[PDB]
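One structure is given below, encoded as structure tokens.
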Protein chains: 2
Amino acid sequence: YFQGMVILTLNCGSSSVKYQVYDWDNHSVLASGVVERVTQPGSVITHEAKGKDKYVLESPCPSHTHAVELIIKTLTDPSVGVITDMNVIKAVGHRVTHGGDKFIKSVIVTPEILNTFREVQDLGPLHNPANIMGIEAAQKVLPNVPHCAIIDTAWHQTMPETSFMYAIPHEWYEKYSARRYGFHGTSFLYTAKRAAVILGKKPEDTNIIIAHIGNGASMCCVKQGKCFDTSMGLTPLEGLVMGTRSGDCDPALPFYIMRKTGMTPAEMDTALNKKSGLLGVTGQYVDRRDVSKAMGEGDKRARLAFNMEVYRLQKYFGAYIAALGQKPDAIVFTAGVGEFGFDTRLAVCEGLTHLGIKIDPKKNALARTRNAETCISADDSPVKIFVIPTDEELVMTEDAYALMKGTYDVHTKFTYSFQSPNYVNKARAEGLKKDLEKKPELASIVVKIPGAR
Amino acid sequence: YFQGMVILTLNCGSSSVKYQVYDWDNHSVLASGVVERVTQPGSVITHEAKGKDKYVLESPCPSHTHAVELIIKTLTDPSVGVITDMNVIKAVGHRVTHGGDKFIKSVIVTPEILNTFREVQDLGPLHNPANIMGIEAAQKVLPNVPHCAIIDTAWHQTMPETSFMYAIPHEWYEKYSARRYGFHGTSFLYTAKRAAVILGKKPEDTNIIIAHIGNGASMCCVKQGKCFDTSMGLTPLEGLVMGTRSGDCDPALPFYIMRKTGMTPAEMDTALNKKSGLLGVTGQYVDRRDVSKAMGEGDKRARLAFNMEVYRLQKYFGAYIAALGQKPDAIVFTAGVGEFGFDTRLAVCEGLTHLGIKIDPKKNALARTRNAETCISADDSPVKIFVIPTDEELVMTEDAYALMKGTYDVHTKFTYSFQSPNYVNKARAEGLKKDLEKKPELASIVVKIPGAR
Ligand SMILES: Nc1ncnc2c1ncn2[C@@H]1O[C@H](COP(=O)(O)O)[C@@H](O)[C@H]1O
Ligand SMILES: Nc1ncnc2c1ncn2[C@@H]1O[C@H](COP(=O)(O)O)[C@@H](O)[C@H]1O
């Protein structure tokens with residue numbers, strides 16, 4: 001088939017470049033991978049091409065430009081590559097963490113757009129610099145395609161002022177744009193649209209609450225198909241318990257500790273972002289699998305941490321049920337913990353039965369796959385409970401495709417491929433076939449989508 | 001009658017000493033008042049004796065000892081006083097803001113207890129110093145009676161670790177006692193016990209949520225008659241919108257602002273505590289009456305601030321309904337806004353009808369008095385809604401009396417006078433008679449107490 005409508009997506013950190021290559025016309029992920037230790041000794045690419053063994057190569061990358069060059073060379077390599085030449089790529093979608101209130105939707109990057117991103121860099125100091133370095137690097141390597149910014153905060157720009165304002169001097173909002181922004185926007189967008197499909201409803205008629213429980217974790221209250229409130233804040237620090245981030249805390253507690261320790265703001269910021277959360281409570285574990293395993297061995301710090309995560313999730317679900325002003329149609333679990341953490345889901349939902357959230361423990365235990373969307377609520381639960389594995393890369397891919405084509409707009413005025421009842425994820429469909437060979441009962445909880453055939 | 005069982009209560013700030021004199025055997029408030037501008041030029045006492053006109057005297061008070069001396073001289077004055085001599089006072093109850101996790105209940109002050117309070121002073125740096133100065137001052141003036149500490153954090157010491165732990169390095173808890181403490185403890189204790197009486201239930205069987213909405217504001221989740229969670233934190237900064245405090249905020253937002261402004265921790269702490277909240281949002285108003293009046297004049301900043309307060313209350317009610325694991329028996333409004341702010345109560349409750357909270361707008365509009373406990377829910381509301389004017393001074397009085405007598409204990413093992421169905425507040429009963437002359441319909445919403453006669 002025609003193989004020339006390919007989209008590259010990139011997510012660049014201070015030390016890494018993650019990539020995916022998507023063939024739009026064949027609706028297929030051709031490859032994904034990561035360059036690690038960028039700007040450091042020992043830079044290395046791990047490249048996973050469809051249908052092939054993992055490829056690993058150490059090659060120095062003192063800059064993000066070297067990392068993007070290594071990716072392109074690997075993608076076009078005759079033996080390990082997946083595209084014939086670099087011109088197969090027709091657009092690049094870049095993750096940008098923070099758009100302030102200057103960006104409500106994805107954009108094609110221009111010099112003026114880059115200047116505007118510099119005006120908001122101070123809002124996302126731990127993330128935006130490397131995101132922008134990745135844009136600048138890829139523009140040098142792939143100069144003849146549009147480079148697009150898909151912005152983690154943009155989804156949440158529908159929040160009303162009563163949700164996004166902090167109770168702080170109004171001058172801090174007016175002069176420094178201090179307000180709630182929220183993150184995980186591409187995940188919430190994708191999962192909100194999938195939830196609407198599963199419910200058989202137009203998005204604008206849906207009222208749902210989504211928990212993106214990854215290493216970073218946040219919740220979104222979706223009212224009439226739009227973000228109404230979300231748990232992260234000005235920065236990704238606020239809200240739920242996370243792997244290494246504190247989430248919610250008395251704003252004065254960091255001062256008490258700074259006085260006690262001698263720490264200064266940037267290193268209190270790093271303690272709250274890199275030494276807190278599950279790692280802080282347990283003293284050693286970041287991954288929820290390790291917390292759950294240690295709890296099962298008797299580790300009281302892990303048992304506490306597990307329960308703190310559960311309790312804060314319960315409180316946020318209750319808060320956002322209140323904020324909706326009505327019973328939600330559904331709650332949604334996504335990201336790694338949401339998709340695999342059956343014990344977290346059980347403990348959360350069992351504490352919410354008086355709010356209409358009735359899990360079926362048998363269904364919940366089966367939902368331990370990335371390859372299917374499932375319904376784990378009891379048949380008569382007032383509120384449906386869905387596990388919807390996310391697809392942030394697809395949002396980035398489709399935004400870049402639609403910006404290149406000229407049809408992209410904000411989601412209240414634009415229709416995504418994955419809003420179709422007949423949308424399929426080819427790689428996940430193949431993985432599901434394998435999952436069903438080992439656990440045939442999983443088929444009983446896969447969602448039944450109205451209008452699909 | 002015998003007039004010699006008198007208890008003095010004191011609440012000392014950096015610049016003030018508030019006092020009340022309670023005749024225990026005659027069950028009557030003899031006087032209350034305040035010395036203002038203590039340690040400052042222009043110190044002045046305002047003294048309100050039962051049945052007399054307000055008395056005001058300027059008299060210099062360079063120390064809290066001078067202020068306590070001025071109070072005692074005023075109380076024993078032949079013309080404006082209320083007691084024959086200082087030895088009529090048999091005990092003194094002092095407000096202490098922060099007890100850390102070292103105090104679970106009220107105590108008679110000894111030198112060793114004072115040393116223990118110094119170990120926790122760093123947890124309540126804006127409040128405990130003046131509280132302790134007041135104890136030391138009153139011990140000099142009234143050396144022959146017990147001085148008792150009634151501690152704002154103690155009520156909340158029943159919280160379980162899953163509620164009180166922050167997701168921070170465990171060393172900060174272990175080395176610096178960093179955890180959630182909560183405040184308004186005397187108000188929650190009193191109102192929780194009154195709610196149990198009104199419900200006709202033993203306290204240990206009650207599950208209620210109390211909003212103490214004063215200039216400072218916090219909420220308490222009372223599970224089986226004990227605090228389970230509360231909205232203030234390590235310090236009084238966390239949680240609800242307040243007159244000048246921010247309440248909840250991304251812990252990283254103060255760093256973004258400090259970088260932007262040059263402010264240092266103590267002055268960021270003061271901005272968040274003294275220039276935020278309603279004052280920060282509106283730019284000029286602290287008192288909810290001014291916010292509501294300005295909203296009614298069209299002030300968009302006041303309208304925003306009103307709505308932010310309402311929305312955060314809704315979220316906390318939803319969070320604490322979730323945390324209870326069951327429908328609450330009742331929600332309770334108290335303190336000045338809770339007792340008079342009918343518009344706040346209406347807006348909060350109308351957004352919670354799907355959680356069983358159904359206000360009756362006619363009843364709500366009548367509940368604008370400090371002199372009665374009322375029920376403002378619709379007759380068939382799943383969750384009762386009570387307005388219970390608080391009485392922090394009575395808790396302080398009774399704790400001091402019971403410590404002096406030797407019968408005091410933590411509230412799960414001790415019975416207060418105001419747990420009787422037949423408990424009466426004499427001054428409020430007289431004020432209610434006057435309220436009913438002007439608004440006879442108020443009588444229709446006064447609570448009907450099981451077993452009262
Ligand atoms: N099987 C599992 N059970 C529980 N948590 C998991 C599992 N697999 C991955 N995770 C969590 O998912 C996180 C990654 O999620 P994500 O941010 O969606 O990639 C990891 O840091 C783990 O905490
Ligand atoms: N009539 C009223 N309506 C609304 N709020 C009031 C009213 N009277 C007092 N308040 C609020 O109550 C606060 C004092 O409450 P408290 O801390 O309980 O003394 C004031 O700062 C006002 O914001």
Side-chain angles (χ1 to χ4, degrees), chain A residues 1 9 18 20-33 48-54 82 186-200 208 210-214 288-289 330-346 349 359-379 384-398 416-453:
Chain A
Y1 307 109
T9 57
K18 296 185 186 183
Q20 185 179 272
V21 183
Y22 196 97
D23 181 333
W24 184 263
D25 285 352
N26 297 309
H27 199 73
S28 177
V29 172
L30 300 185
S32 65
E48 299 192 67
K50 182 171 175 289
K52 306 188 194 168
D53 303 327
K54 182 176 69 179
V82 299
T186 59
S187 181
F188 291 131
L189 185 158
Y190 173 79
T191 59
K193 300 312 171 177
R194 294 303 301 162
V197 166
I198 293 162
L199 289 162
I208 62 179
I210 306 166
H212 176 108
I213 315 172
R288 272 73 164 196
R289 286 170 287 191
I331 66 170
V332 175
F333 289 100
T334 195
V337 186
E339 308 158 9
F340 292 108
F342 89 106
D343 54 349
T344 299
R345 296 188 306 239
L346 179 70
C349 291
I359 203 173
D360 181 316
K362 179 179 183 180
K363 300 187 185 181
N364 178 54
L366 285 167
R368 300 189 48 263
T369 177
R370 293 182 174 89
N371 297 312
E373 298 169 335
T374 62
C375 177
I376 61 173
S377 37
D379 286 342
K384 298 284 177 190
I385 306 163
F386 301 132
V387 179
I388 303 178
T390 195
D391 198 343
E392 297 151 309
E393 289 83 1
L394 183 60
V395 181
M396 295 173 68
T397 295
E398 187 156 2
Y416 284 90
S417 65
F418 48 82
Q419 295 183 252
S420 170
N422 293 306
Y423 166 81
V424 183
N425 181 316
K426 289 189 180 181
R428 294 185 191 174
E430 184 54 53
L432 180 58
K433 285 181 171 72
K434 298 170 162 80
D435 291 339
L436 293 175
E437 286 170 3
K438 306 200 193 75
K439 295 163 81 174
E441 302 79 10
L442 169 61
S444 73
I445 64 162
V446 172
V447 295
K448 307 180 189 188
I449 294 178
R453 227 299 274 154

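The analysis underlying the following values was restricted to heavy atoms, covering all of them including side chains, and did not include hydrogens, waters or symmetry mates. Chain identifiers are assigned alphabetically (A, B, ...) following the order of the sequence lines, protein sequences preceding nucleic acid strands; residue numbering begins at 1 within each chain.
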- Hey, are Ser417(A) and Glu398(A) close enough side-chain-wise for a donor-acceptor pair under 3.5 Å? yes

- Note on the structure: All heavy atoms of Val197(A) vs all of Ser420(A), minimum pair found to be CG1-O, 4.2 Å

- Going by an N to O cut-off under 4.0 Å, is there a salt bridge joining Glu437(A) and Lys433(A)? no

- Query: Do you know which two heavy atoms are closest between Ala195(A) and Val332(A), and how far apart they sit?
  - Reply: CB-CG2, 4.1 Å

- Item | Distance (rounded to the nearest 0.5 Å) between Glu441(A) CD and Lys362(A) NZ | 8.0 Å

- Message: Nearest 0.5 angstrom please: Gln20(A) CD to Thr9(A) OG1, how far?
- Response: 5.0 Å

- Check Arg194(A), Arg428(A), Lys384(A) against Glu373(A) for a salt bridge (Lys or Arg N to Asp or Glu O under 4.0 Å) and give me the one that passes. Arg194(A)

- Query: Going by an N to O cut-off under 4.0 Å, is there a salt bridge joining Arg370(A) and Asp391(A)?
  - Reply: no

- Task: Look at the rings of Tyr22(A) and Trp24(A) and say which category their plane angle falls in: under 30° parallel, 30 to 60° tilted, over 60° perpendicular.
- Result: tilted

- Query: For the atom pair CZ (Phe386(A)) and CD1 (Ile376(A)), what is the distance rounded to the nearest 0.5 Å?
  - Reply: 10.5 Å

- Item | Sole candidate of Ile388(A), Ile198(A), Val387(A), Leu199(A) that passes side-chain contact (heavy atoms from CB on, under 4.5 Å) when paired with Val447(A) | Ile198(A)

- Message: Pairing donors with acceptors under 3.5 angstrom, does anything connect the side chains of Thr369(A) and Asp435(A)?
- Response: yes

- Check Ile359(A) against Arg345(A) and note the closest heavy-atom contact, atom names and distance. CD1-O, 3.9 Å

- Query: Is the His212(A)-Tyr190(A) ring centre distance short of 6.0 angstrom?
  - Reply: no

- Message: So, taking the atom named CD1 in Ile210(A) and the one named OG1 in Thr334(A), what distance separates them when rounded to the nearest 0.5 Å?
- Response: 8.0 Å

- Task: For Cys349(A) and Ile385(A), work out which heavy atoms get closest and say how close.
- Result: SG-CD1, 4.0 Å

- To the nearest 0.5 Å, atom OG1 of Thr390(A) lies from atom CZ of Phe333(A) at 14.5 Å

- Item | Interatomic distance, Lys426(A) atom NZ to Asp23(A) atom CG [nearest 0.5 angstrom] | 8.5 Å

- Task: Decide if atom NZ of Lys18(A) counts as having more than 12 heavy atoms of other residues, nucleotides or ligands within a radius under 6.0 Å.
- Result: no

